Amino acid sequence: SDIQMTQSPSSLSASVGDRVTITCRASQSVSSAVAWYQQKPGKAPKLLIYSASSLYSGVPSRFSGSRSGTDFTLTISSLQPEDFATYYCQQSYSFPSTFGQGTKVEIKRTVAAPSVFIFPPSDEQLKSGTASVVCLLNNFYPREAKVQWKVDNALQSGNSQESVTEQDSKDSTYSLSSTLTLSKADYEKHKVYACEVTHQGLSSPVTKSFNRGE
């Protein structure tokens, strides 16, 4: 039976200097063969702790590992700005090896309302058979935002995809893009294309939109 590594939480927000703790619980006994890694977006993992509690060479001492039976914990005594990334646990007591599902630690900050923009499909794309309408939520926090599409006051569903950036390195804000995809035919049948944004930092839900013809 494969050994399971149940990591938790899956996500975490904390301020700089905070004391945080990430846990991985093993399904079987893995002794002390537990390693902790750090991974930043687009980069390879970096070894932090080995053998449950041993601190790799060159790793800051604010990182610490501990084993309690089959439960292992990574502890960051005081968060620093360069510490915000994703952390995985690993067991190498037996093959196959097992990784935790990761724990993304994100920096907290003051609430920031998103700036909303809507972009109609280009004439160049419309002559291609497809129309793409983009709604842009720019520089907001927290990430929790709701975006809905309304063509002629008709709530859309199933024909939109969202994409969000990593937490910005400067202001620690998010930016998001909703992309509505319609046929040239269906795009021609209606006039008012709407996207409504609901965010914590907004006084009330904000609607941004245009008319197809004008």
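Sequential numbering from 1, following the sequence displayed.
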Problem - Higher-B stretch (mean Cα B-factor, as the entry records it), 185-193 or 61-69 - result: 185-193
Fill in the blank from the handout: Higher avg CA temperature factor (132-140 vs 88-96, as deposited) belongs to 132-140
Problem - Residue selected from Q161, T165, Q39, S51 by maximal Cα B factor - result: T165
Problem - Residue, from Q125, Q80, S77, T103, that the PDB entry assigns the highest Cα B-factor - result: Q125
Handout entry: Third of the chain, ranked by Cα B-factor, where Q148 sits
Key = highest
Handout entry: Where the record places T23 (Cα B-factor, split into thirds across the chain)
Key = lowest
Problem - Among modelled residues of the same chain, the CA temperature factor third for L180 - result: highest
Exercise for the section: Could you say whether, by C-alpha temperature factor, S10 belongs to the lowest, middle or highest third of its chain? Expected result: highest
Practice task
Taking the values exactly as deposited, rank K46 by C-alpha B-factor within its chain and report the matching third: lowest, middle or highest.
Solution key: lowest
